[PDB]
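The values are calculated or read from the model by the stated rules, or taken from the named source; no laboratory instrument gave them. Neighbour counts are summed over all protein chains in view; Cβ atoms, including those assigned to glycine, are modelled from backbone coordinates with ideal geometry.
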């Protein structure tokens, strides 16, 4: 039942079944060859009466050892090499999917969790394929094979092992479960106490000022004391568990080996048959260890194969069907548009606007008021809940998302840069050709060239986490040059959120104007004073919009709706409004 | 050499040496009793000729097993119980030290690192005391004892083990070191690749907008490929290492047990002497495992005992010698005061001021300009580099730090609250008696009572990390009530840094005035407009101070020094200065 999705998943990578089957066959043959070794030692030891020592018998044991090792090396390489092919194919599929999942997917799901899945689930599956299946089969063949060979030479001494091994395990298991429960509880109390100490130490500033020396000592002392009480409770458990595990193991060993010796010493058995018996006991206990591990692995494996298949079945973004845009700067109408993540809550509704060729329109309104939805609707970062976005007089969902994203340009504050060269960032993702003589003809414009020429290298710095740190103004100027190299007909601007420094800001404002000249521009911001020059402002009413005039008209005949943001500004200052 | 600081450290806890010595003696006796068991099994097995089976011989083995387990339970409890006493004593010493280390210590050293030390070093030392020393001694006695008993019954078969065991180890060790090196390199490349994927995923916003789909796919594909290449290099190592470990172990076992059988089968040995030989081999291999672990533990232990002793030898704050203050609101002079963390850089120098009875003085100046040093000097959070702080006409270092911290009061923005009750916070650390009828007579003042009475409980909420989250204004009002319950003669105020919300701020300003009335107040802040009412402002010049007048005098005859902060404000707004 559960093995049909795993198999299907493995088949997605078009694996070579012959090579895996042959490797498994070699493992099975390696285990069967490992059951000859104790019979050949018994034949050698039984044949040592009057000390003949036939050299062919000790040489044949070496030939069988080198043959077992040669086949085990081949099977182990083949299994690992194909597992490495299978896992590589899985990761390539998962990565090609992730890069095409709609930007909605990363809005709902954590990027780190997705990375964690593609890096761990594939690993689990690998581990299952390369080691655990072959380990499990070989262990079963080794265990049942060894017991069958033992019962055919001396059934009394294996009947004893088939009582001693289960009765020893029936004791050690519960005693071990009980032990581990106490280890977890002391770990948790250790954690609680470290947490408590951590929490007191950064507030030492007040503790000192308030004369709370004995008070904070005493609350820490109660933690020392609760840890000590659990430590004594662990001591009273570990003192019974330790001696009892050693008592059981040695009583099992003495019982098995002493009855082996008491058969050889009476004549009911030979010296070489006892030798074979010990040599097989090691071939019972260890693979029995192996097989047990298979099942936990199998559970984890199922969960992984559930998550990966989940990703690789999800919807991907249809970026490449529709028309091609001609004369793209034409009027963007919204007419009866609407949105919500689910129809339970319509985040934006009954909206209409026009956005005008070569002008600016500014989305500015209350913090947390949903205003970011209209911006994400206009850049196609989100599909409307059945209401029209229209360019000129054609519904915008007509044009291909490639032919849309090509005639849009995009810039933000708070941006990092792509790990790569500075010329690679100044021309990122655009498949048109570029040249040294024009890539800096886009960079002199944002004042990027005459900044970049002062760095240790004029085309690289390993920008981002590897290279030197850059200030927000430098990062913005690098973004503004990329958009001048695309020469988009429409521009989407994310001017600021959170908080920022005003250092060099007037030179950054003079850098920004370059890009927005003579093309249609849509801006989103957190304050009115940054937006005083705009040809239409849009105020946001937690689901609906008004304003639809100059900044001054908001200051003249809007009133209370300016006051619902301007009061929070006037708690700090008049923000250069001077009114 | 290295054992003299550990021992001294252990002696600091006044441990019971008799009980540890007796537990170690019991462990040694338990190991010697564990060397009888295989001789008694040999006597039983050798005595089984003609199958007499004397019941006293199989009963005596059980009596020796229950005696070994009884003494092992007692020794194991005693060792763990005394280790739990020793570690508890260590932690109590370390915590009583930390709480008294000067506030300078936590300024240089990370609190988390100190917690980590007191929670891990003590543990390491515990582990060494309870398990590793006894484990090491018992292993040596078990190993040398078992080998000495083997050589006295059959020296040929132990001479073989004393060649087989070292020659097997001389192979497995290097092959294992080499194996682990490849496992580390693949871990690192896995980490590098996850890091790379992580770094791409939160920037999916641009990747989509820029048409960088094949570009970001290909950079990820190169990571899949480098991981696959290292995976194949690991496969070519694991394929030789696995077979070779199994080949060696089985060749060692076959050689030892086959020569055991070939002695019994020729008559050079008995069936029971072979049984004893196997039973002792297990008493050689496992404690040899144990002893090896002792040394790594010993190294770690030394490092721990080095850090803990370091803490427990450090200087602690002399909080309780000097005079007692009378009439504490008198003039605080600074005259030729100076400071620095080291004399290499004098952070503040040649400073003089007066701070005046029942007035306000405000420390306001450039960000990162060192101004926080003068505030920390005035509250005695730091000693001057030989220049006088003086109250009335007495040097302030005359009064006890208790009798100082009692006549000071202290409040800050950005503060958390002590984990505890709300009545416990409103009266924190003060050793004077309090009553329900007066603790709320301090709380009605900050408007704290009529806020607290609306919570689910009127005296508790488990405030901080356990309970409900509180806003900055509520936390400030709780702090302001504590200072009214102390009724300090002098007040130290940290008004704001970083960033804050203006929500309810005018009601918080009306709450703050309550505390500062009719007592001397020192304030530190980040903007001039918050401080317009102050009777003296102090501007800071990266080592020296001026201003020494009203806010308006800074606005009238200071000029360029107001401009060196006011310009950065005027990039945003005039900040209600209206000039």
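Flag: residue A:418 matches the condition of being assigned to a loop (DSSP other than H, G, I, E, B), out of contact with any strand residue (DSSP E or B) (no Cβ under 9 Å at 6 or more places or on another chain), surrounded by 17 or more Cβ atoms within 10 Å (Cβ to Cβ) and within 14 Å of another protein chain (Cβ to nearest Cβ). For region A:132-145, the criterion of being within 14 Å of chain B (Cβ to nearest Cβ), more than 18 Å from the chain's Cα centre (by Cα), over 30 Å from residue A:277 (Cα atoms) and crowded, with 18+ Cβ neighbours inside 10 Å is satisfied by no residue at all.
Can you confirm whether region A:107-126 contains a residue that is under 19 Å from residue B:237 (Cα atoms), touching a helix residue (DSSP H, G or I) at 6+ places or on another chain (Cβ under 7 Å), touching a residue at least 40 places away in the same chain (Cβ under 8 Å) and part of a helix (DSSP H, G or I)? Yes: one or more hits. Taken together, B:458, B:476, B:413 contain a single residue that is more than 21 Å from residue B:509 (Cβ to Cβ) and surrounded by 13 or more Cβ atoms within 10 Å (Cβ to Cβ), which is B:458. Please go through region A:85-101 and give me each residue that is farther than 30 Å from residue A:20 by Cα and either within 8 Å of another protein chain (Cβ to nearest Cβ) or surrounded by 19 or more Cβ atoms within 10 Å (Cβ to Cβ) (or both), ordered by number. A:99, A:100 - these are the residues of region A:85-101 that are farther than 30 Å from residue A:20 by Cα and either within 8 Å of another protein chain (Cβ to nearest Cβ) or surrounded by 19 or more Cβ atoms within 10 Å (Cβ to Cβ) (or both).
If the condition is being in contact with a helix residue (DSSP H, G or I) (Cβ under 7 Å, 6 or more places away or on another chain) and surrounded by fewer than 19 Cβ atoms within 10 Å (Cβ to Cβ), then region A:41-60 contributes A:43, A:46, A:47, A:57, A:58, A:60. Apart from one condition, residue A:32 fits all of (1) touching a residue at least 40 places away in the same chain (Cβ under 8 Å); (2) surrounded by 15 or more Cβ atoms within 10 Å (Cβ to Cβ); (3) part of a helix (DSSP H, G or I); the exception is (2). The set of residues in region A:208-224 being touching a helix residue (DSSP H, G or I) at 6+ places or on another chain (Cβ under 8 Å) and more than 7 Å from chain B (Cβ to nearest Cβ) consists of A:219, A:223. How many of the residues making up region A:197-219 are over 34 Å from the mean Cα position of the chain (by Cα) and in a helix (DSSP H, G or I)? Adding up the residues that qualify gives 14. Comparison of B:41, B:56, B:76 shows that the only residue that is more than 9 Å from every other protein chain (Cβ to nearest Cβ) and either assigned to a helix (DSSP H, G or I) or farther than 30 Å from residue B:151 by Cα (or both) is B:56.
The requirement of being touching a strand residue (DSSP E or B) at 6+ places or on another chain (Cβ under 8 Å), at negative phi and either crowded, with 20+ Cβ neighbours inside 10 Å or within 14 Å of chain B (Cβ to nearest Cβ) (or both) is not satisfied by residue A:500.
How many of the residues in region A:424-445 are within 14 Å of chain B (Cβ to nearest Cβ) and part of a helix (DSSP H, G or I)? Within region A:424-445, residues that are within 14 Å of chain B (Cβ to nearest Cβ) and part of a helix (DSSP H, G or I) number 2.
Of all the residues in region A:550-576, those that are away from chain B (no Cβ under 14 Å) and in contact with a helix residue (DSSP H, G or I) (Cβ under 8 Å, 6 or more places away or on another chain) number 5. Among the residues of region A:557-568, those that are in a helix (DSSP H, G or I) and farther than 18 Å from residue A:530 by Cα comprise A:557, A:560.
Here region B:491-507 is the region considered, the condition is being free of Cβ contacts under 8 Å to residues at least 60 places away in the same chain and part of a loop (DSSP other than H, G, I, E, B), and the residue that is nearest to residue B:378 (Cα to Cα) is B:499. Is at least one residue of region A:203-226 surrounded by fewer than 19 Cβ atoms within 10 Å (Cβ to Cβ) and either farther than 22 Å from residue B:100 by Cβ or not assigned by TED's automatic domain parsing to the domain that holds residue A:166 (or both)? Within region A:203-226, one or more residues are surrounded by fewer than 19 Cβ atoms within 10 Å (Cβ to Cβ) and either farther than 22 Å from residue B:100 by Cβ or not assigned by TED's automatic domain parsing to the domain that holds residue A:166 (or both). Being facing chain B (nearest Cβ under 7 Å), free of Cβ contacts under 8 Å to residues at least 60 places away in the same chain, at negative phi and not in a helix (DSSP H, G or I) is a property that holds for residue A:266. Each residue in region B:371-405 was checked for being out of contact with any helix residue (DSSP H, G or I) (no Cβ under 8 Å at 6 or more places or on another chain) and either buried (at least 19 other Cβ atoms within 10 Å of the Cβ) or part of a helix (DSSP H, G or I) (or both), and 15 of them qualify. Residues of region A:304-345 that are assigned to a helix (DSSP H, G or I) and free of Cβ contacts under 8 Å to residues at least 24 places away in the same chain: A:310 alone.
Scanning region B:521-549 for residues that are assigned to a helix (DSSP H, G or I) and within 14 Å of another protein chain (Cβ to nearest Cβ) yields B:529, B:530. The set of residues from region B:184-201 being away from chain A (no Cβ under 13 Å) and either closer than 26 Å to residue A:113 by Cβ or free of Cβ contacts under 8 Å to residues at least 24 places away in the same chain (or both) comprises B:184, B:188. Look at (1) more than 14 Å from every other protein chain (Cβ to nearest Cβ); (2) crowded, with 18+ Cβ neighbours inside 10 Å; (3) not in a loop (DSSP other than H, G, I, E, B) and you find that residue B:483 fails only one, number (1).
Just one of B:172, B:227 is part of a helix (DSSP H, G or I), under 40 Å from the mean Cα position of the chain (by Cα), touching a residue at least 12 places away in the same chain (Cβ under 8 Å) and within 12 Å of chain A (Cβ to nearest Cβ); which is it? On inspection, the qualifying residue turns out to be B:227.
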